[PDB]
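Working notes for the structure below.
Computed from heavy atoms alone, side chains included, the values below leave out hydrogens, waters and symmetry copies. Each residue takes its place number in the sequence, starting with 1.
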Amino acid sequence: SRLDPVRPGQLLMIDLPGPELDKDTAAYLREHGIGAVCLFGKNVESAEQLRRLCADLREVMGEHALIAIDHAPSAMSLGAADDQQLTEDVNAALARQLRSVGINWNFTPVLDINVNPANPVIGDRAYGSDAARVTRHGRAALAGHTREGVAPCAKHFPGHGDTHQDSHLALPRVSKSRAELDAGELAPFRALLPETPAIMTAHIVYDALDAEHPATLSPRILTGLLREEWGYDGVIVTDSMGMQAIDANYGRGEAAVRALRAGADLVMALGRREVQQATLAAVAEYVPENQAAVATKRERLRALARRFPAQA
């Protein structure tokens with residue numbers, strides 16, 4: 001649309017320095033039209049302070065604001081008690097607390113499967129060791145958020161449960177066959193798609209899907225599989241681009257442009273202002289030649305915020 005061209009900042013989710021929205025940060029959000037922020041421990045002191053922080057963010061960012069947080073018993077606990085209704089209700093209570101402070105996005109449920117006992121990558125944070133158990137409690141977690149007006153985001157697609165890292169600088173790999181993936185890693189996401197408004201992708205290489213690129217940078221995975229095979233029309237967000245294995249293998253801006261091209265709607269551009277600025281600069285070169293594609297990405301983000309408005 002002529003009157004409202006897509007800006008590079010509207011495709012990024014950034015982090016903030018502290019518990020208060022300082023003037024320079026406000027000026028910066030407004031300057032670039034940043035539409036999404038993720039909050040962490042460094043931003044959280046009390047419910048009163050957090051409510052003040054999210055109200056300020058909503059005032060600066062406007063009606064499309066996506067205000068996310070990363071993170072009450074464990075997923076393993078709930079998985080084990082195995083009362084689906086309990087899982088839903090605990091997530092419903094968590095979502096009500098988030099809603100009262102002005103947060104409209106939570107990064108759960110984990111749909112990773114803790115399948116390999118001798119390789120607990122996820123551990124406590126998964127609901128179980130098979131797809132069936134993860135699917136059942138994942139459904140409950142999604143519904144508890146959704147019914148309370150908070151967008152949940154399933155992670156980490158296509159499944160972090162059983163990855164192998166050759167070194168701390170190498171991308172983790174999964175070398176299982178497609179049929180194995182279908183029965184395991186992929187099953188909970190596939191089963192839960194119509195209830196999943198957002199999905200966060202994993203910096204993991206799946207040999208059976210795309211032997212050359214991590215999922216977050218893979219057109220075969222984000223577009224071929226998620227969009228085309230599965231018909232997924234929700235938000236795809238990349239995992240944090242500041243994680244070491246990516247950082248050691250790609251430039252920040254290059255990686256973010258590649259994620260958007262591959263099929264992400266939203267890039268998590270976490271880190272100090274200088275790295276955020278470098279990401280903006282790269283996306284600023286991509287956006288003008290890809291206006292229809294980025295319009296579609298922005299509308300997914302906007303549809304999410306309309307459904308789950310931040311204003312407390």
>> Using the side chain to side chain contact (heavy atoms under 4.5 Å, CB included) definition, which of the options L304, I69, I67 pairs with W105?
In response: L304
>> Between the side chains of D89 and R147, is the shortest nitrogen-to-carboxylate-oxygen separation below 4.0 Å, so that they form an ion pair?
In response: yes
>> Would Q49 and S46 count as a side chain to side chain donor-acceptor pair (under 3.5 Å) here? Give the steps.
In response: CA-CA 5 Å; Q49 158 280 321; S46 68; 4.7 Å; no
>> Check for me, please, whether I236 and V6 land in the same ILVMFWY cluster - side-chain distances under 4.5 Å, paths through other members count.
In response: no
>> Taking the basic N atoms (NZ, or NE/NH1/NH2) and the acidic carboxylate oxygens, is any pair closer than 4.0 Å for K176 and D207?
In response: no
>> Testing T201, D239, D70 one by one against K155 for a side-chain hydrogen bond (donor to acceptor under 3.5 Å, both in side chains), which residue passes?
In response: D70
> Going through the checks in order, is the side-chain contact (heavy atoms from CB on, under 4.5 Å) test met by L186 and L225?
Replying inline: CA-CA 11 Å; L186 297 172; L225 178 65; 4.3 Å; yes
>> Holding to salt bridge (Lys or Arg N to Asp or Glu O under 4.0 Å), I want the full list of residues that pass it with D166, two or more places apart in sequence or in another chain.
In response: none
> Is the count of non-hydrogen atoms from other residues, nucleotides or ligands lying under 6.0 Å from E59 atom CD greater than 12?
Replying inline: no
> In Å, rounded to the nearest 0.5 Å, how long is the span from CZ of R302 to CG of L66?
Replying inline: 10.5 Å
> If you draw a 6.0 Å radius around CD in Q97, do more than 12 non-hydrogen atoms from other residues or ligands fall strictly inside?
Replying inline: no
> Should we count CD of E229 as having more than 12 external heavy atoms under 6.0 Å?
Replying inline: yes
>> Run the side chain to side chain donor-acceptor pair (under 3.5 Å) test on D82 and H137 for me, step by step, so that the C-alpha distance in whole Å, both residues' side-chain angles and the decisive distance to 0.1 Å come before the verdict.
In response: CA-CA 8 Å; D82 199 29; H137 292 281; 2.6 Å; yes
> Thinking salt bridges, do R99 and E148 make one under a 4.0 Å N-O criterion?
Replying inline: no
> Does a donor on one side chain and an acceptor on the other come within less than 3.5 Å for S1 and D4?
Replying inline: no
>> Is there a path of hydrophobic side-chain contacts, each under 4.5 Å between heavy atoms, that joins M13 and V44?
In response: no
>> What verdict does the side-chain contact (heavy atoms from CB on, under 4.5 Å) test give for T108 and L142, after you've listed the backbone C-alpha separation in whole Å, the side-chain angles of each residue and the deciding distance to 0.1 Å?
In response: CA-CA 8 Å; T108 43; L142 294 160; over 6 Å; no
> Knowing that exactly one of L29, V275, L270 qualifies, which makes a side chain to side chain contact (heavy atoms under 4.5 Å, CB included) with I14?
Replying inline: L29
> Can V283 be reached from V294 by stepping across I, L, V, M, F, W or Y side chains whose heavy atoms are under 4.5 Å apart?
Replying inline: yes
> After noting the C-alpha distance and the side-chain angles of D182 and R178, does the key distance pass the salt bridge (charged side-chain N to carboxylate O under 4.0 Å, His left out) rule?
Replying inline: CA-CA 6 Å; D182 285 340; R178 180 53 185 270; 3.0 Å; yes
>> Using a 6.0 Å cut-off, check whether atom CD of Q311 has over 12 heavy atoms from anything other than its own residue.
In response: no
>> Measuring from atom NE2 of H213 to atom NE2 of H203, what distance do you get when rounded to the nearest 0.5 angstrom?
In response: 15.0 Å
> According to the ring pair (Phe, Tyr, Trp, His ring centres under 6.0 Å) rule, which pairs have a member within residues 151-172, sequence neighbours left out?
Replying inline: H156-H160, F157-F189, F157-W230
> What is the distance from atom OG1 of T163 to atom CG of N119, rounded to the nearest 0.5 Å?
Replying inline: 6.0 Å
>> Looking at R136, I'd like to know if its CZ atom is crowded, meaning that more than 12 non-hydrogen atoms belonging to other residues, nucleotides or ligands lie closer than 6.0 Å.
In response: yes
> Same hydrophobic cluster for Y206 and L222, using side-chain heavy-atom links shorter than 4.5 Å among ILVMFWY?
Replying inline: yes
>> I'd like to know if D56 pairs up with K23 as an ion pair, taking the criterion as any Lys NZ or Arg NE/NH1/NH2 lying under 4.0 Å from an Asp or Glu carboxylate oxygen.
In response: no
>> What I want to find out is whether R190 reaches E185 closely enough, with some N-O distance under 4.0 Å, to be called a salt bridge.
In response: no
> Quick one: CG on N290 to CD on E285, what's the gap to the nearest 0.5 Å?
Replying inline: 11.5 Å
> Can you check side chain to side chain donor-acceptor pair (under 3.5 Å) on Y28 and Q276, steps first, answer last?
Replying inline: CA-CA 11 Å; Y28 172 83; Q276 294 176 4; 3.0 Å; yes
>> If I take atom CG from residue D210 and atom CD1 from residue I204, how far apart are they, to the nearest 0.5 angstrom?
In response: 13.5 Å
>> So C153 and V237, do their side chains get closer than 4.5 Å, heavy atoms only?
In response: yes
>> Within a 6.0 Å radius of atom CD on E48, are there more than 12 heavy atoms belonging to other residues, nucleotides or ligands?
In response: no
> Looking only at side chains, do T87 and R139 share a donor and an acceptor under 3.5 Å apart?
Replying inline: no
>> To the closest 0.5 Å, what do you measure between CG (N116) and OG (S129)?
In response: 10.5 Å
>> Does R273 form a salt bridge (charged side-chain N to carboxylate O under 4.0 Å, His left out) with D24? I'd like the steps, not just the answer.
In response: CA-CA 11 Å; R273 196 143 299 162; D24 288 330; over 6 Å; no
